[PDB]
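A short write-up of the structure that comes next.
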Amino acid sequence: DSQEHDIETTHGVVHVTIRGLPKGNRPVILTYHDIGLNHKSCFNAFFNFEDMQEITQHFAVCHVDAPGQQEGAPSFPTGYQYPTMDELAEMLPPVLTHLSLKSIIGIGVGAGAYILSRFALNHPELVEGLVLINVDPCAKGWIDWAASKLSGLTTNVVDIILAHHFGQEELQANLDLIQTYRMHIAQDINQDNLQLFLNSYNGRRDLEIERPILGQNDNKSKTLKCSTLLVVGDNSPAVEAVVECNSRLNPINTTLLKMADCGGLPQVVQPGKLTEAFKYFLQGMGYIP
Amino acid sequence: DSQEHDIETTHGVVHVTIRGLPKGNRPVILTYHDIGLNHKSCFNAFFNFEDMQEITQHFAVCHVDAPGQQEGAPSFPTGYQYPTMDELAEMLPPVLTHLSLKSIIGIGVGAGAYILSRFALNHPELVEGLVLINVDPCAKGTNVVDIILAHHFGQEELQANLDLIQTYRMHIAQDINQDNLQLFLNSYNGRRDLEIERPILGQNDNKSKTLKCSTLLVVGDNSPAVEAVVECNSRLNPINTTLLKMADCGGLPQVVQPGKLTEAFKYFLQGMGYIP
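Chains A and B, in that order, give the protein sequences. So the entry's author numbering is basically just the index in the first sequence, starting at one, shifted up by 28. Mapped onto the entry's author numbering, the consecutive letters of the second sequence carry residue numbers 29 to 169, 183 to 317.
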């Protein structure tokens with residue numbers, strides 16, 4: 029049913045898990061998780077969902093785990109030159125090659141969404157679709173003006189990442205979802221290693237995507253060539269960014285999905301609704317008639 | 029590099045024009061023109077355009093001419109039972125069968141867009157994509186050439202009566218057998234509601250039925266269609282649908298602005314994975 033690989037790249041080992049058996053012409057639904065998650069935390073709930081299972085039947089699922097984020101990962105030595113976001117994306121063609129895959133339908137969350145998007149800009153041949161959840165193509169704001177002070181380099185990691193995931197009101201309520209995902213961030217990931225991955229995602233440069241004007245397309249400023257499903261909860265802190273990302277992609281190949289009564293982790297909070305959206309998206313490309 | 033066929037169906041002959049040789053698994057780009065046009069009037073301008081030629085290259089093109097609307101068509105006897113819009117759509121599977129075509133990427137205008145939309149609802153597996161130009165999915169509720190001019194061109198556009206409009210008066214007037222054109226107009230004005238309805242991601246929505254293919258709705262900012270085309274968009278699945286309002290444009294976007302619409306169509310094809 030499942031098969032783990034530790035794949036060697038010029039930027040270090042990356043751990044991937046292939047559940048289901050890849051097919052001749054069919055692409056694999058490839059997965060990159062967000063900061064403070066691994067593949068298991070981010071999507072295992074979503075891909076185990078009854079309706080999604082009928083989709084994962086036809087496609088093989090290759091879960092990528094960002095370097096050092098894989099469960100039971102050893103700490104990198106303090107000097108360690110953890111890969112840049114751009115570099116993390118340069119690890120994926122090796123992954124595809126090693127598993128003899130020809131193309132992928134990506135599903136990314138935050139850091140994942142950026143990585144897969146960079147990857148798809150770098151390698152349009154290997155990307156057919158992207159479902160980008162809570163994606164931010166702009167570089168991290170040096171300050172959030174909706175706060176009481178600035179204290180960037182002297183606050184807890186787990187609390188930073190929680191904030192990145194969950195809306196202000198959702199986080200203050202501190203319900204089973206938040207308590208559950210404090211514990212996931214604190215215990216499931218190597219805290220030493222996680223700091224490096226966080227730092228990589230916080231250092232991300234601007235994607236550079238710009239929507240083209242159909243008339244007089246001379247400059248042809250680059251965007252994603254593939255079909256894209258941008259997904260964000262109404263109450264995700266991401267909404268500002270995800271709408272901006274949509275403002276910079278080709279509307280003929282892009283759809284925005286603002287999920288109702290939703291915050292961080294739409295794929296776990298409302299997997300029933302997101303599945304059906306993914307199903308329509310796949311049907312667009314000609315799969316799952 | 030073209031071939032004409034008169035294809036006899038249960039509901040009568042339909043004249044089609046295949047330019048290019050069909051591939052085994054690639055769909056053909058199939059065409060259905062609007063009231064008061066034929067494929068030449070409606071699409072010849074667009075499909076010959078430089079940038080489109082490089083697309084049409086990799087697909088076969090199959091141009092359908094609505095009954096009696098094809099060039100040199102003889103007038104049907106006065107009693108003649110002209111096909112309903114629903115019937116006109118039922119004539120397409122036979123066209124596909126007889127030319128041994130497996131599936132199509134449809135480009136419709138007005139009546140054409142309804143007909144190809146009806147077709148897709150009836151036979152989803154056969155439709156892979158639809159470029160619906162100036163489509164109207166609702167029912168309507183003297184001089185025929187003037188009526189049709191009005192259907193096509195914006196009020197301001199039409200009052201200005203420039204090269205485009207005086208060219209297309211003559212097209213409507215002299216290209217198509219006038220007896221037949223009335224019957225076709227009658228069929229399009231009788232069109233029933235498509236009965237598409239946008240699905241709610243939570244409600245299963247069994248009763249509601251929508252196009253299951255990738256759709257590019259196209260209208261010019263000044264087209265009388267705009268209200269209807271936006272209506273259409275509001276009733277299709279947003280995950281499989283894009284609305285394209287074309288700047289400084291009225292009737293016949295595909296003629297007025299082929300450069301823009303080509304580019305749109307190329308990205309729409311790239312969405313489904315073709316012309317990589």
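C-beta atoms are modelled at their ideal positions from N, C-alpha and C, and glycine is treated no differently.
Task: Test item: CB-CB of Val297 (chain B) and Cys290 (chain B) under 7 Å - done: yes
Open item on the list: Can you find the residues in the same chain that come closer than 7 Å, C-beta to C-beta, to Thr282 (chain A), ignoring five residues on each side of it along the sequence?
Closed with: Answer for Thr282 (chain A): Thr256, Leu258, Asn274, listed in chain order.
- [ ] Would you mind sorting residue 182 (chain B) into buried or exposed? The rule is 16 or more other CB atoms within 10 Å of its CB.
- [x] Chain B lacks coordinates between 169 and 183, the interval that contains residue 182 (chain B).
Open item on the list: Rounding to the nearest angstrom, what Cα-Cα distance links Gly180 (chain A) and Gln244 (chain A) in this structure?
Closed with: 44 Å
Open item on the list: Can you confirm whether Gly134 (chain B), when its beta carbon is compared against all beta carbons of chain A, has any partner nearer than 7 Å?
Closed with: no
Task: Within 7 Å of chain B by C-beta, residues of the stretch 222-235 of chain A in sequence order - done: Taking 7 Å as the cut-off between beta carbons, none of the residues of the stretch 222-235 of chain A comes near chain B.
Task: Through-space distance from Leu129 (chain B) to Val159 (chain A), alpha-carbon basis - done: 33 Å
Open item on the list: Beta-carbon within less than 8 Å of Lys307 (chain B)'s beta-carbon, same chain only, minus the 5 sequence neighbours each way: which residues are those?
Closed with: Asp79, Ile83, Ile316
- [ ] State yes or no: is the beta carbon of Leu310 (chain A) nearer than 7 Å to at least one beta carbon in chain B?
- [x] no
Open item on the list: So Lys286 (chain B) contacts chain A; which residues on that side make the cut at Cβ distance below 9 Å?
Closed with: Chain A residues near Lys286 (chain B): none, gap ~11 Å exceeds 9 Å.
Task: Minimum C-alpha distance to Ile132 (chain B) - residue among B:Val155, B:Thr125, B:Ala139, B:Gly138 - done: B:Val155
Open item on the list: Quick test of the definition: if touching needs 3 or more C-beta pairs under 8 Å, does the stretch 185-200 of chain A touch the stretch 30-39 of chain A?
Closed with: no
Open item on the list: Against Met80 (chain B), what residues of chain A qualify as contacts under a CB-to-CB distance less than 7 Å, listed in chain order?
Closed with: Those do not exist, as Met80 (chain B) stays about 14 Å from chain A at its closest Cβ, beyond 7 Å.
- [ ] Can you check the stretch 254-283 of chain A for any beta strand (DSSP E) of at least 3 residues that lies completely inside it and give the ranges in chain order?
- [x] 255-261
TODO: Count the CB pairs spanning the stretch 202-221 of chain A and the stretch 230-239 of chain A that are closer than 8 Å, and state whether there are at least three.
DONE: no
Task: Classification of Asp93 (chain A) by the beta-carbon crowding that lies within 10 angstroms, buried from 16 upward - done: buried
Open item on the list: Using only the alpha-carbon positions, how far apart do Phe194 (chain A) and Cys254 (chain B) sit?
Closed with: 35 Å
Open item on the list: Is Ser128 (chain B) close to chain A? Criterion is C-beta to C-beta, closer than 7 Å.
Closed with: no
TODO: Run down chain B in chain order and give the residues with a C-beta less than 7 Å from the C-beta of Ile316 (chain A).
DONE: Going along chain B, no residue has its Cβ under 7 Å from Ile316 (chain A), so there is no contact; the nearest lies around 11 Å.
Task: Reduced DSSP secondary structure (H/G/I, E/B, other) of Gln31 (chain B) - done: strand
- [ ] Please confirm if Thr208 (chain A) has its CB atom under 7 Å from at least one CB of chain B.
- [x] For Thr208 (chain A), the answer is no, since every Cβ of chain B falls outside 7 Å of its Cβ.
TODO: Tell me, please, whether the stretch 70-78 of chain A touches the stretch 103-110 of chain A by the rule of three or more beta-carbon pairs shorter than 8 Å.
DONE: Because the criterion of three Cβ pairs below 8 Å is not met, the stretch 70-78 of chain A and the stretch 103-110 of chain A do not touch.
Open item on the list: Quick check on the burial criterion: 16 or more other C-beta atoms within 10 angstroms. Buried or exposed for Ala141 (chain B)?
Closed with: buried
TODO: Could you tell me whether any Cβ in chain B is nearer than 7 Å to the Cβ of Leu58 (chain A)?
DONE: no
Open item on the list: Does the CB of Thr251 (chain A) have a neighbour CB from chain B at under 7 Å?
Closed with: no
TODO: Within the stretch 73-107 of chain B, note down every full beta strand (DSSP E) run reaching 3 residues or more, in order along the chain.
DONE: The qualifying runs are 89-93.
Task: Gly140 (chain B) - partner residues in DSSP beta bridges - done: Note: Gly140 (chain B) sits in no beta bridge, so no partner.
Task: Simplified DSSP assignment, three categories, for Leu178 (chain A) - done: If DSSP states are grouped into helix, strand and coil, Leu178 (chain A) belongs with coil.
TODO: Please classify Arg210 (chain B): does DSSP put it in a helix, a strand, or coil?
DONE: helix
TODO: Can you tell me which of the three DSSP states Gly300 (chain A) falls into?
DONE: helix
TODO: Under 7 Å between beta-carbons, which chain B residues line up against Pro279 (chain A)? List them in chain order, please.
DONE: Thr283, listed in chain order.
- [ ] Report the rounded CA-to-CA distance for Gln98 (chain A) versus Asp220 (chain A), giving the unit in angstroms.
- [x] 13 Å
Open item on the list: With a threshold of 6 Å (Cβ to nearest heavy atom), would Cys290 (chain A) be considered close to the ligand ATP?
Closed with: With respect to the ligand ATP, the structure shown offers nothing to examine, as it has no ligands at all.
Open item on the list: Let me see if you follow: with CB-CB separation under 7 Å, is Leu242 (chain B) close to chain A or not?
Closed with: For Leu242 (chain B), the nearest beta carbon of chain A is closer than 7 Å to its own beta carbon.
Task: Counted within 10 angstroms of its Cβ, other Cβ atoms place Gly96 (chain A) as buried (16 or more) or exposed - done: buried
TODO: Report the option in B:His61, B:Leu127, B:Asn247, B:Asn278 whose CA atom is closest to the CA atom of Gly312 (chain A).
DONE: The shortest C-alpha separation from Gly312 (chain A) is found at B:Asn278.
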